[PDB]
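Inspection log for the structure reproduced underneath, given as C-alpha cells.
Here the Cβ positions follow ideal geometry from the backbone for every residue, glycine too, while neighbour counts run over all protein chains shown. Derivation of every value follows stated rules applied to the coordinates shown; laboratory data play no part.
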Protein chains: 2
Amino acid sequence: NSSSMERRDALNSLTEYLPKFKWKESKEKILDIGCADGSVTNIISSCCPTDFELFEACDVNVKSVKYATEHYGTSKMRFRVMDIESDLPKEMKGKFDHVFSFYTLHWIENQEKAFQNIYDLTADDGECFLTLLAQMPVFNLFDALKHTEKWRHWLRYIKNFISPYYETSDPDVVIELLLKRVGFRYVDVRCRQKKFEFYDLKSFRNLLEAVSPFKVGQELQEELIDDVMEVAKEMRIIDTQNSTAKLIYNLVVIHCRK
Amino acid sequence: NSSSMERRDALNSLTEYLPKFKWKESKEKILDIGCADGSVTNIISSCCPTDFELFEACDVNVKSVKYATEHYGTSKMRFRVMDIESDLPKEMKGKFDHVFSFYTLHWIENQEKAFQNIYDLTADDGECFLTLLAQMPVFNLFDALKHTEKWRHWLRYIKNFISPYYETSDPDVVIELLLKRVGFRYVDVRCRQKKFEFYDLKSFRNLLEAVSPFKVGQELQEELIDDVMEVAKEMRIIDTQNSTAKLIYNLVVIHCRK
C-alpha cells in the first residue's frame, strides 16, 4: 500500500514553498484538487498558518477514496466529488484565496481546461501552488505495452492522449507562457528531477495495479500486468539482478498569483 | 556529423544567462573547459561583451579535435590539451575572471576534483557558468549493454563510475551544497528538462559511435553498436515503427561567483 512518492513529493514541495506565501487577515477559503486520502489535506491544514475557521474544501472523481477520506475528514472541512476537467460549477467561481493541486499520477486528458478552471476557482489576488509531471517512466511503460503486437490491436480504441508540456523541451517555459495566457499576474515555474526506489518487485507491481490505465477485467488483469512487468525489465526500469525498480522522473513546481 | 544537442544547449544556456553576468572594466582572462570544436568558443567570444584584448584560453584532452580547433582558432585566443580531472598546473591558478564548462557528453570520473579545480582556476570575485547532465538515456543505454550476458564478462574490467548527483533526487540541491563546501559565495543551480529528436537511426548510430565509452576494435565496433542499437529498441529510446530516436534528458545549469 505505497502511495508514498505522491505523499513525499507533496510534503517536500509544500514545506519548501510555505514561507514564500502571503495570507489575508481572516475568512480564507482553501481548495485542494485531487485530495484522495486526507493524509495530504490534513498536513496541509495543520501546516497552513492562517484562519480558515470552517473553510477547507477538496475533491476527487473516485468517490470510493472520497467517502473513506470524507469519513476520516472532520467537520469545518467539506469533501465532495469533482473533476477539474469537467465544466465549472459557478457556485464556487472566484471562491478560493489559496488552491493546491499536487500531482495525482493519473494521466490528465486536458490541461488548459484545468489551468483556466484553477484560474476561475481563485479569488481576487488568490495564490496557486500546483505540481505536475513532465517525465514519468510509468507513462512511457503503459504506452509501450499499448504498442506491443499482443495488445496493440485490442487497446487501439483507447486514447493515448497528448500533453502540450509532457516530454517536451523546457516544459517550465511552455507552462509559464500558458499560465500568463490564462491571465496569472505572478508565475514562478521550476523543474525538479526526483528518484523513488522500490526494493522489491511486489511493491512496484502493486503501484502498477493501482495506476493501470487499462480496464481489462479480474480474469486478464493478472496477465496484463505480468506483461507490463516484463516490458519494465526490457526498459531497465526494473533491475533484474537486484529485483529492484528505480523511477527517475521530472516534477514541474508552479507558484502563481491572480 | 551531429554534435547538435551539445551546441544547441550551450547556445540556449549562454544567451539566457548572458544578461545575468558582471564584467570587470578591462584585462579579462576567460577560460572554456572541454572546447572541442571552437564553434561554441567562437560564439562565446563574439557574445561576451567585454575586453579580453588577447586573453581567451580553452582546452580538451582529445588533442585531435584540439589541433583542428587550434588550426581554425585564431591568435589572441590560446588552445591547449588539458584534463580538469588532472592535478592543476598552478601556472594558471586564480588566473580567470570568467570560466565556462558546457557539458561534453563524456562520463566524468571525478566531479568534486573538477569543481575544486574550477574554483582554483577562478580569480578573486570570478564568475562561473557550468552546465552538466543529471539524467541521459545514452549513459543508461551503454551501462545496460555492459550488463548483457554476451558482454557482461568481457567488459567487467571497465569502471561503470558513480556520480554523487547523477540520477539522484534534487540533484540541484546536492550540487549547490557541494559548490558552497568548495567555497563559492554565490551559487544558483537549476534543473532543465530537454528533448532532442533523431528523425533517422543513421544519425542516432553516428552519435553512439562518437560517444561509445567502449574501445573494442575496428573488427567488433560494428557489432558492439549493433547490440547497443538493439538495446535502445528494448529501452524504447528508439521508436521501431517510425525509425526515430528521441532523447529526454535533464540539464543542471550552474551560475556561481567566487
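Considering every residue in A:234-247, what mean count of other chain Cβ atoms within 10 Å of its Cβ is obtained?
2
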*If contacts are Cα pairs under 8 angstrom and at least 6 residues apart, what is the relative contact order of segment A:1-109 in percent?*
32 percent
*Shortest-first distances to equivalent copies, position B:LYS90, nm, label 7 Å out along Cβ*: 7.9
*Return the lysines within reach of A:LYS20: Cα separation strictly under 24 angstrom, same-chain partners fewer than 8 residues apart disregarded; answer none if there are no such residues.*
A:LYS29, A:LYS95, A:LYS180, A:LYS194, A:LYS258, B:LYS20, B:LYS180
*Arrange B:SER46, B:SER2 by Cβ neighbour counts within 10 Å, fewest through most, would you?*
B:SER46, B:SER2
*What longest range of chain A stays clear of loop-exposed chymotrypsin sites (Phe, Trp or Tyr not before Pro) (DSSP non-H/G/I/E/B, at most 15 other C-beta within 10 angstrom)?*
A:24-153
*Please work out whether the protein assembly as shown counts as rounded, prolate or oblate from its C-alpha gyration tensor, where a ≥ b ≥ c are the square roots of the eigenvalues and a/c under 1.5 means rounded, while otherwise a/b larger than b/c means prolate and anything else oblate?*
oblate
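Can you give me the relative contact order of segment B:137-258 as a percent, contacts being Cα pairs under 8 Å and 6 or more apart? Write out the running numbers ahead of the final one.
Working: 123 pairs, mean separation 47.4, N = 122.
In percent, rounded to a whole number, it is 39.
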*Could you work out how far apart the two model spin labels at B:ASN110 and A:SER243 are, taking each label as a point 7 Å from the Cα in the direction of the beta carbon, and quote it in nm?*
3.9 nm
*Please work out the Cα convex hull volume for segment B:3-257 and give it in Å³ per residue.*
139 Å³
*How high is the FRET efficiency from A:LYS233 to A:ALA210, r the C-beta distance, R0 25 Å, rounded to 0.05?*
0.80
*Multiply the residue gap between A:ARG152 and A:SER26 by 0.36 nm, knock off their C-alpha separation, and tell me the result in nm, one decimal place.*
39.8 nm
_Label 7 Å beyond Cα on the Cβ vector: B:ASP200 copy-to-copy distances, nm_ = 5.1
*Applying 1/(1 + (r/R0)^6) with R0 = 41 Å to the Cβ-Cβ distance of B:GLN221 and A:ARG7, what FRET efficiency is obtained, to the nearest 0.05?*
0.30
_Subset of A:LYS195/B:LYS146; A:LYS63/A:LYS93; A:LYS63/A:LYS246 violating a 27 Å alpha-carbon distance limit_ = A:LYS63/A:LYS246
*Helix A:112-121 sits at what angle to the longest principal axis of chain A, using alpha carbons and giving 0 to 90 degrees rounded to 10?*
30 degrees
_Computed over segment B:209-258, the ratio Rg/Rh where both radii use C-alpha atoms and Rh is Kirkwood_ = 1.18
*If you bin the C-alpha pair distances of segment B:6-73 every 5 Å from 0, what whole percents do you get?*
3, 15, 26, 25, 18, 9, 3, 0
*Using a Förster distance of 25 angstrom, determine the FRET efficiency expected from the C-beta separation of A:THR15 and B:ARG181, and round it to 0.05.*
0.60
*In sequence order, calculated HN-Hα J values of segment B:154-159 (Karplus, 6.51, -1.76, 1.60; Hz; x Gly/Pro)*: 6, 10, 5, 8, 8, 8
*Any idea what the A:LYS27 label distances to the other copies are, label 7 Å down the Cα→Cβ vector, nm, shortest first?*
6.7
*List the relative contact order of chain A as a percent without decimals, with contacts defined as Cα pairs under 8 Å and 6+ residues apart.*
20 percent
*For the peptides B:83-92, B:173-182, what is the packing order when you average, over each peptide's residues, the other Cβ atoms within 10 Å and list the highest mean first?*
B:173-182, B:83-92
